[PDB]
Amino acid sequence: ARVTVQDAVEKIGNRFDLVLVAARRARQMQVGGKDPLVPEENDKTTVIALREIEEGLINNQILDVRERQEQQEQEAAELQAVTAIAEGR
Amino acid sequence: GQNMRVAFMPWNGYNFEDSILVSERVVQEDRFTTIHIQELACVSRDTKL
Amino acid sequence: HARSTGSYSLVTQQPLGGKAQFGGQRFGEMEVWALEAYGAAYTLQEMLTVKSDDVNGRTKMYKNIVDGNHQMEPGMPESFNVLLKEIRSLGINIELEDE
Amino acid sequence: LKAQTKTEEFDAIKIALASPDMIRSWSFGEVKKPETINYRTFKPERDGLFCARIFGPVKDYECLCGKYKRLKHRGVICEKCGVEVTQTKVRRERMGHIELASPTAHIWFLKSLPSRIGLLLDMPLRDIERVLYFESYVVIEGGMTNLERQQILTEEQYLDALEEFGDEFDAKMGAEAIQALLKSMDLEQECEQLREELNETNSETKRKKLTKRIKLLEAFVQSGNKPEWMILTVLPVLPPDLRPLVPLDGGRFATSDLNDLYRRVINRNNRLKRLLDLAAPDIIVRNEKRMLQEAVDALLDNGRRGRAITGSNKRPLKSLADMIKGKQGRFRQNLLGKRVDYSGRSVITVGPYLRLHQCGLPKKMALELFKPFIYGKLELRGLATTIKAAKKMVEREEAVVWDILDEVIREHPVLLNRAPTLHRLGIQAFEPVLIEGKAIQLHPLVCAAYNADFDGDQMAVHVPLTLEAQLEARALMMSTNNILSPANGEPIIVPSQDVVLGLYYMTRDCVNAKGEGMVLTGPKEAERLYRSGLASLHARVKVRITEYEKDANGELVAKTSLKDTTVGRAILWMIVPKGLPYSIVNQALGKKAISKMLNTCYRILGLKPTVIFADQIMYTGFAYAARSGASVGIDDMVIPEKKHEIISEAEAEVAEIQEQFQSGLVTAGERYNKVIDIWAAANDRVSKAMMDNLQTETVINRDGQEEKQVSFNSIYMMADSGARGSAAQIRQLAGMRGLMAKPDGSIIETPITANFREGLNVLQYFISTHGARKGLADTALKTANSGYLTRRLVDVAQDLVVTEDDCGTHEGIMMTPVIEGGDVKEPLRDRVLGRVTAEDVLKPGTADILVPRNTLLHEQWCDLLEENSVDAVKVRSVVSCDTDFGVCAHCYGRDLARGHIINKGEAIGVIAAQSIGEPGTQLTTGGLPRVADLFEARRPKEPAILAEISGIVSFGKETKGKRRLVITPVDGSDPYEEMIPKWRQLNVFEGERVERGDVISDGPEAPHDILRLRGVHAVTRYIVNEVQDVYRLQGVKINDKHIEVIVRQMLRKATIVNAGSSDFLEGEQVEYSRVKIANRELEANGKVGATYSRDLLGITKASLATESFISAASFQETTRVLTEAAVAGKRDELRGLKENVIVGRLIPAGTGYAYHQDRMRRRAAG
Amino acid sequence: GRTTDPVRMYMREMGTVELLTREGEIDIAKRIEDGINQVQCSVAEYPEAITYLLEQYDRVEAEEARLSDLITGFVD
Amino acid sequence: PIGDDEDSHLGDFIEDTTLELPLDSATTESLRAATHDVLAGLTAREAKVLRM
Ligand SMILES: [Mg+2]
Ligand SMILES: [Zn+2]
Ligand SMILES: [Zn+2]
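Residue numbers (the authors' numbering), protein chains in the order written: chain A, 2 to 90; chain B, 797 to 845; chain C, 1244 to 1342; chain D, 8 to 931, 1135 to 1376; chain E, 92 to 167; chain F, 510 to 561.
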């Protein structure tokens, strides 16, 4: 369990945005699109996300970057799919 | 009610505010036990069905 | 007393015990202020929308809770929704602007 | 990009008058009949208050006649009776209307205090009503003949006038007349003419009313509402499901009161149409029209005419206005309260075994609470086939479900709450620990935050459903994350009673005991010495200890030494973490000291070590207090041996003064004062007798004959440590208790001679009873007073939230120690702590900057300022903040549950009000009503008058009611002469110069004055100092900040002096004004900038003004607010807390601040 | 004068009109007779009013209507 | 108004019996998965005939 979030509050200053970011990440884990970045102790996604914040390997910057990259990861897949839609003309 | 042996002394904070720490001797002797009589009702009504 | 999902009041949809299965605790103005003092917006929203007053949000929530997804799709509380009709029932036109 | 048509996520809201065609737009049919249901088959009669055609199908996706019963046929209108088969919920949605035969006035616009139809037409109310009742004729569009436009005539007068002028003259009566008035009204022309008339004549009485009225007019014009709409052509009907006919047990029906009303309206209306088609005489149709007016009025808002009663029941029927308003003063459901799912509650118990980050929860409770989670998790692993079977499993309570519950409980926090919620700590988050029993276990250290005793107090539990709520609870509402009261940086986790008696009993020294004067290597063998029974817990002993100091740079220094201390202190030292010096535990450890221990530990080691430290302190406190064997006997309370003697002597004094009254040496009242004085002095004597005795009387021998120390007596240790009891109560146990006072307040001259250890007889007890009853009554009253105060406070602040980061102003208030009377009622260090310097400060010598510019002053900065002699620091405050529509974090301070600077987006107004309001139960002109008076800015009863302007003054004129005072400035003119009643003893010297704001008389002064004459900083200083004078005298710690934000909200409004944009005398937001003048100093007009004057509005007054009308409808009078907004067509954009709470979306603060921001900028932009 | 509560503003407004004498009733009734019979006679002096009645009775014997929807009966 | 003189009024206690419980609503959604998988079990034409 995570008794105090002070360390996470150290990694990202705002402390509300801590809740938001850790939330978003915890969601990334809870509805599984992804896996933890650090060993799961049986800790629920709620705490795993916080452990990820405390280790400084997860925050708003990192998440935004990863997501932005994944958009192009899908664009690459559907590259030949959507260009086949030239029937639009 | 019922009288009984009482000792005044803090016991491991289990008595903390007004809280009362009672032995098993009491629950075993069934002295503070109470009997409740509840009246439950069943109604047979008339519906258009 | 403990309650998860019970019956609901007809006139305004709100948790109400009909079975001797008790209506949930009442979350008042002061408790709301207590939430406002902290930074918890979502706790408050879920408190007065999905857990109580939203006829949609409650069930749509329940399905997610059992599905293993914790989220909410809040919508508009039925209270305010009724207030709109009561106000509009008078000579007062109340509308919701923009987008 | 096509904007949109259908449903989006809506912003703001709009409110205005309703058009007949608009009313029809909502209406999906006209209700033509008073009938409800068929009386046998309960189906709705077509075209009635309850109807399938107009409103909706009775049962889900089914036609009324029953032809199309299939879920397939949906958008189908049935041929038999048109009913589109759709969900029954639509019968809760679709509205209706009624076409009224004769025109009808809307009672909300007739009877609202500033009658709208009245002042819009510039016509008196009584006239308009006299016209509505057909009591007299009124003119419309008189033209040029003999008569005015708004003029009123009578029967004979109308007849004669008509006989003289057939046409080019017009008069009607009834509702049609008022409608004709409003419709013929041309607002623009009135605007032009009124502007001219405003400009021509010079009189105050004239142009005041003139400008007020033109402003009103043009406002109503810009609204988009046309006056005709004040008169109802069409009457909308509320959906049937919102006024249900739903049946009950025993075949009995129950329906709302709106049906009686609506039915009445329909009836009388139809009967009116009937009487029209029958060509009835005038009198009849007039009576019918009036009756229709009454019915409609009673429907809309009942009680403003006759108070109509419901069928067969005396109690007046509830109208739509009452439906909206609600009850319990002003409570609109999002206020009074709302029932919530996933919750519970029960009696609470102790649970000392708990860590402070957790708490006990009953098994069954947790089962029923987490039930959905339990289902989903049960079938996720595969223990249950389907959700049904899962329910069957948890219903049977199979052995396998308990483990699954242990799974879903683990990292999932729960919210705990108490009944009297005041400060934010009233609700706190904990980690659930499954416990066998029906009782909730609550960690002892938190029992202070809730103000919860163990005497049967109940707590309630809520489950943080959504993920965001889990993380919100864990990172904010969590217990460990708030260790400090938001009011002041002092720890609220301070040990309570048993624990402090434990730590007190531990570290203390009796003169002689086992192992006296020996030496030990370390705390380990000290404890080992104690437990074995070789050494006593309290003995003076030298032992070697290793203490750490982190005084190096981010680094712990280690040093060892032989400390002269006691066995108990040595044992306790094991707990004290790291860099804390041994000195802290080398004392007697009172409640105050044991608190300062935790404090220092937090300001040194940080959060986590403070948490674990506190936990350990609780555990050891309980353990050693248990071992201590502390108890209370009847002999533990020691009465002075000299008591009876003091009693007898003081009793001789009374017969001395009595004999003097017998001989007439003294008067009656003076005698009374004398005897009361001697008895009081007696009580003091016995008190300070028993105190000395009970305190130091222990006389014990070490190696010599005798010596004496502070007593080891139980009740003393209890009172001295601060565990419980106090000199006041101990005084009542041993020595005599006080003198009592009859309800009148006249204090009886025969005090209570006996005490509780002794017996009280009949009289003494009877006399005490009144004191008791007045005690309970007064306290129970002051709870309510506190509540009301907090309410006014949150209402006046609320939406104030930290928004911008830094406004960057050098502005601030001068922070000095309070220095009242004799020495230092409060230091400088506390006043400036956790705040930020407006500008850099100096040493005695300069070009050496200790604290640069704006920096947070923490313990090190404040002690660095304490090292130096600096007596003066200018500090940034929330009252002087340059940021408009909010406070910048750089202005506020660091104060919070955490030592770091205040976060961006935290809502400070709320927490400020809560902080001011929580101690309010502990407050005793002076007192709590004094505080209420202060925040209300009420002018006192017998105030003082400050000098208007500096310079030499003299006494003008003579005696009529006042003797005029003539002021004479040095350079400028001297028109200023104030009329001061001469029957009030003056102060000001007839021959001396008086600075503006000097004392021209005595008594308290209204803060309006202090603001105007002495300045803004001056008045805020007066308020904060006076209210702090009230609290501090009671022993209440409240930081100046909260009071200062309340103050900022008080002065939010100001009245303009100069011009060039808006009106002259308008009171308006200094935010709006300052933003407009700062914008007008450059560009625009080169400089047209207008001067204002800061205004002081009381809290309850400043609460009145809120942009959002939905917010105003909450705590104010709903009926007026809705109208008064609806006329101007006011558009509520939300943006505040209360409004967003009502509408049910994320709060524009806290976590939601990242939302409303990313929105607010998207709005009014690209 | 106006106490509101229309029970009054009615009760008083009607109380103005004085009760009829036993003869005045006959006067008024006579006036009624005069008016009515006037309009009846005016109806009898219209050719289309006659021809219409005829065209209607031609539909009465033709089973397109009934004798009840045309006349309530004659002076018989 | 019922007892206590409070805002408790008769209609406030009238429960909605016309609504459906969520505990059943989750089963109604779950059955649609069950019959779907089970229909995926039979032959395509048996599945067509049964779904029809
Ligand atoms: Mg209590
Ligand atoms: Zn039909
Ligand atoms: Zn500022």
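Ideal Cβ positions, reconstructed from N, Cα and C, are used throughout, including at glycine.
Status (buried if at least 16 other CB within 10 Å, exposed otherwise) for residue i
i: residue 972 of chain D; result: Between 931 and 1135, chain D has no modelled residues, and residue 972 of chain D is one of the positions in that gap.
i: D:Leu770; result: exposed
i: D:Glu199; result: exposed
i: B:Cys838; result: exposed
i: B:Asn799; result: exposed
i: E:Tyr143; result: exposed
i: D:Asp267; result: buried
i: D:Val518; result: buried
i: D:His104; result: buried
i: D:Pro247; result: buried
i: D:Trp236; result: buried
i: C:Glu1321; result: buried
i: residue 751 of chain B; result: Nothing about residue 751 of chain B can be reported from this structure: the residues present for chain B run from 797 to 845 only.
Where the beta strand (DSSP E) containing residue i begins and where it ends
i: D:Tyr1302; result: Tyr1302 to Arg1304
i: D:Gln365; result: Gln365 to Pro369
i: D:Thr240; result: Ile238 to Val244
Contact under 8 angstroms by Cβ, residue i with residue j
i: C:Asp1297; j: C:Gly1318; result: yes
i: D:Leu871; j: D:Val839; result: no
i: D:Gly1207; j: D:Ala1154; result: no
i: D:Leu1144; j: D:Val1237; result: yes
i: D:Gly912; j: C:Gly1300; result: no
i: D:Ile1309; j: D:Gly1299; result: no
i: A:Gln7; j: D:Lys399; result: no
i: D:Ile238; j: D:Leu194; result: no
i: D:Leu569; j: D:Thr514; result: no
i: D:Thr705; j: D:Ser718; result: yes
i: D:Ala1264; j: D:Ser1303; result: yes
i: D:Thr262; j: D:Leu255; result: no
i: D:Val592; j: D:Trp580; result: yes
i: D:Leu361; j: D:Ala328; result: no
i: D:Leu452; j: D:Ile500; result: yes
Endpoints, the alpha helix (DSSP H) within which residue i is located
i: A:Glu53; result: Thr46 to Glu55
i: C:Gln1268; result: Per DSSP, C:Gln1268 belongs to no alpha helix (DSSP H) and is neither H nor E.
i: D:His777; result: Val769 to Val803
i: D:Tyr1232; result: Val1226 to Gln1244
Quiz prompt | Residues within the segment 26–48 of chain A neighbouring chain C, beta-carbon criterion of under 8 angstroms | solution = Residues of the segment 26–48 of chain A whose Cβ lies closer than 8 angstroms to any Cβ of chain C, in chain order: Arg28, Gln31 and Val32.
Quiz item: Just by C-beta distance, which residues in the segment 288–301 of chain D are closer than 7 angstroms to chain E?
Solution: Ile290, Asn294, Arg297, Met298 and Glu301
Quiz prompt | Contacting positions in the segment 447–477 of chain D - beta carbon closer than 8 angstroms to chain A | solution = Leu474, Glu475 and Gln477
Self-check item: chain F contacts from the segment 1302–1317 of chain C (Cβ-Cβ distance under 8 angstroms)
Solution: Identification of residues in the segment 1302–1317 of chain C having a C-beta nearer than 8 angstroms to some C-beta of chain F yields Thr1302, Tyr1305, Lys1306 and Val1309, given in sequence order.
Practice problem: Output, in sequence order along the chain, the residues in the segment 144–175 of chain D whose CB is closer than 7 angstroms to any CB in chain F. | Solution: Cβ contacts with chain F: none found.
Exercise. Taking a Cβ distance cut-off of 8 angstroms, strictly less, list which residues of the segment 541–556 of chain F are near chain C, in chain order.
Key: none
Quiz prompt | Any heavy atom of ligand 2 within less than 6 angstroms of residue CB: hits in chain order | solution = D:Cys70, D:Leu71, D:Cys72, D:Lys74, D:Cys85, D:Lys87, D:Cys88 and D:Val90
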